[PDB]
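Shown here is one chain on its own, the form deposited in one PDB entry, set out as structure tokens.
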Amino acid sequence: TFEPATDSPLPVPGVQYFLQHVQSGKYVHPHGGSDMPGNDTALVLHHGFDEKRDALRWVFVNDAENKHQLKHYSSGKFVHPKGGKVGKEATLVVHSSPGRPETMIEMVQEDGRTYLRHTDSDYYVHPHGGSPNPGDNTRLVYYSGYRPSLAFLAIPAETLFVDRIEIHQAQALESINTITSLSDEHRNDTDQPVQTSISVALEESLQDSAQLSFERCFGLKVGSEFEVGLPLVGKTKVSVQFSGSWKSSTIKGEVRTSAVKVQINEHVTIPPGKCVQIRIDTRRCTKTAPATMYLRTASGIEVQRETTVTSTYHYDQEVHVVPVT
């Protein structure tokens, strides 16, 4: 299963998220839930959720213009300490004023969980009163230190398009192997040559597969199925069709074009008194590489996600009639 505390993805800057306090399940809203909250309106936790509500959406900003800020998607307001100083019980509020070093806020990983933290400080984001299950409309504050109960989950709140995945060629590992299948023995106990049907079923032996793996979870929404060209043996690209969920730590990939045969059917003239076998020799490329996924928002920002590509691919099949003596 997806374990929200141990699998929570780190948010990608410029992408829309919902913020969820893991322990309560409550979401981060401006107080009053407006899409146009006022200056010095508090961030609070509330059970309320509606995928379609833009006032629920937040965007992590980290660019030349703004370093380590959090933005309210519907209003464009940044998240500030109330009064302009991060300190004990300083309420998080939205405000139209641009961000500063003294307002920095980012999601960070500490001992396997994701937390909101004022950058370059020991201040993290707590629910006022520090309850593992705060009540609706509890305000979020800055406070020294962190503990599991404060963990947040950034849930992707828009669907991206996967443009391409680029293998890191220098750390790409390749293990080539020969899968050898022998049919049953067939013997010709007549006094004339018999042309005999010999079949072998190799569906489970020669199953092709591709996997994208992530330390926590993919953490992006990209649709039901997506297709990319992956180099499944040497540098030769093959079309792989992936389906998963943002919560997946492993996305399974299907190979469209099979390069070998999984049903072997040979017509073999067996001479009088002779025994034969079909020998199938199939090559398997077992591959692993770090890779960068390149994805696009509808708003047109290109974003990246590191992954590990793993694949089993079968090529260069040979069939031979071997004598059984």
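Residues that one form lacks are left out of the comparison. In this text, residue numbers run from 1 along the sequence as written. Take the two forms, superpose them, and find the largest set of C-alpha atoms that agree within 1.5 Å; that set is the rigid core.
What comes next is about the form deposited in another entry, which does not appear here.
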Looking at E225, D122, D184, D111 between the shown form and the other one with the core superposed, the single C-alpha displaced by 2 Å or more is at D184
- Query: Cα of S197 displaced 2 Å or more between the shown form and the other one, core superposed?
  - Reply: yes
For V268, does the CA position differ by 2 Å or more between the shown form and the other one when the superposition is done on the rigid core? yes
Relative to the superposed rigid core, does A55 relocate between the shown form and the other one - that is, does its Cα move 2 Å or more? no
Segments shifting between the shown form and the other one (at least 3 consecutive residues, Cα moved 2 Å or more after rigid core fit) are at 179-206, 258-282, 315-324
